[PDB]
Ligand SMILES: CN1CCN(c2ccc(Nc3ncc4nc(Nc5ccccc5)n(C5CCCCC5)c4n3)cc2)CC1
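Only one chain is included here, represented as structure tokens and corresponding to the form deposited without this ligand.
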């Protein structure tokens, strides 16, 4: 017994947007940075555009539309909203432009300039996003610093919904069949039994914050993924990041409990990081913290952020 999903899938015309430049090139297709100018609205909207490869399998399209299905059914400040799709010879997915790209890349490039206030703020925002996903009974199933985008250094959003699943109101657990999977982010219960929960997302949340507090270090690097299940069973966990007070690290550890019900709830994480965010230098010890500072076309006059463009 679930509510009808009355979200609107918007169909865009190829004429309504112009692609300025190429963010990335993929086997699947090319991702473009461009502007979306809805017809006769006198606004221009920074967008990221996927244009799928000319040779597109019927599986790859059926899979991509699921991602669009999800990204369209979400409305939250800390989740990437999807503006619409374009049904050209190759389908185009259209999302809000996240100029600073991947959060993982961002921490790697800026570690010297990143301060406790930002880190903790990020932890909170991701927790809010994930909490919203729980309200929508959604399980992301692939949360990692690679899948959080940076709109501004002070505003990050969760992304990459390709693996996301929906739970029947009765349904409590998700059972899956073999596919490529992010072993080093996964709950143990997921690796052993292909089981996913809102709580298995918390585990991945744990790993995600750990990525941020190590400035982009690779979890369980040097050890092969085939070994991970046996190692968690032993009780071994990721080490405490150098900048991390026990308070923060405690919290990560809790995400990695084995009794999944013993792990914290995203709403609780929101609360804990939010307390900590108030007094950042008490909870993260970073050299030079007190002094760190963090932050085209001329057609900019009419530009509006997707976040301010509401339908």
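In this text, the rigid core denotes the largest set of C-alpha atoms whose superposition between the two forms falls within 1.5 Å. Residue numbers count along the first chain shown, from 1.
- Going from residue 288 to residue 289, you skip over nothing: the modelled chain follows the deposited sequence without a break.
- Here the stretch with the larger average CA B-factor, out of 58-66 and 255-263, is 58-66.
- Looking at 173-181 and 233-241 together, the entry lists the larger mean B-factor for 173-181, computed on C-alpha atoms.
- When the C-alpha B-factors of 32, 283, 273, 36 are read from the PDB record, the largest value belongs to 32.
- Between the residues 201, 227, 135, 75, the entry's highest C-alpha temperature factor is the one at 227.
- Residue 217: CA B factor lies in the middle third for its chain, per the PDB record.
- Looking at the C-alpha B-factors along this chain, the one for residue 145 belongs to the lowest third.
- In the PDB entry, a CA B factor belonging to the middle third of its chain's modelled residues is recorded for residue 304.
- Ranked by Cα temperature factor within the chain, residue 48 sits in the middle third according to the deposited record.
- In this PDB entry, residue 160 carries a Cα temperature factor that places it within the middle third of its chain's modelled residues.
Note that the form deposited with this ligand bound isn't included here; everything after this is about it.
- The closest non-hydrogen atom of residue 159 lies within 4.5 Å of this ligand in the bound PDB entry.
- The shortest heavy atom separation between residue 303 and this ligand in the bound PDB entry exceeds 4.5 Å.
- Mapping the unseen interface onto this chain, residue 127 falls outside it, with no heavy atom inside 4.5 Å of this ligand in the bound PDB entry.
- Interface membership of residue 214, defined by any non-hydrogen atom within 4.5 Å of this ligand in the bound PDB entry, is ruled out.
- Of the listed positions (257, 37, 277, 31), a single one reaches within 4.5 angstroms of this ligand by any non-hydrogen atom in the bound PDB entry, namely 31.
- Proximity to this ligand in the bound PDB entry, taken as a non-hydrogen atom within 4.5 angstroms, holds for one residue of 207, 232, 71, 120, which is 71.
- For this ligand in the bound PDB entry, the listed stretch (235-243, 92-100, 198-206, 221-229) containing residues with heavy atoms inside 4.5 Å is 92-100.
- Against this ligand in the bound PDB entry, the set 184, 264 and 272 makes no contact: no member has a heavy atom within 4.5 Å.
- Residue 149 is the only one in 114-149 with at least one heavy atom within 4.5 Å of this ligand in the bound PDB entry.
- The two forms, fitted on the rigid core, differ between this form and the one not shown by 2 Å or more at the CA of residue 26.
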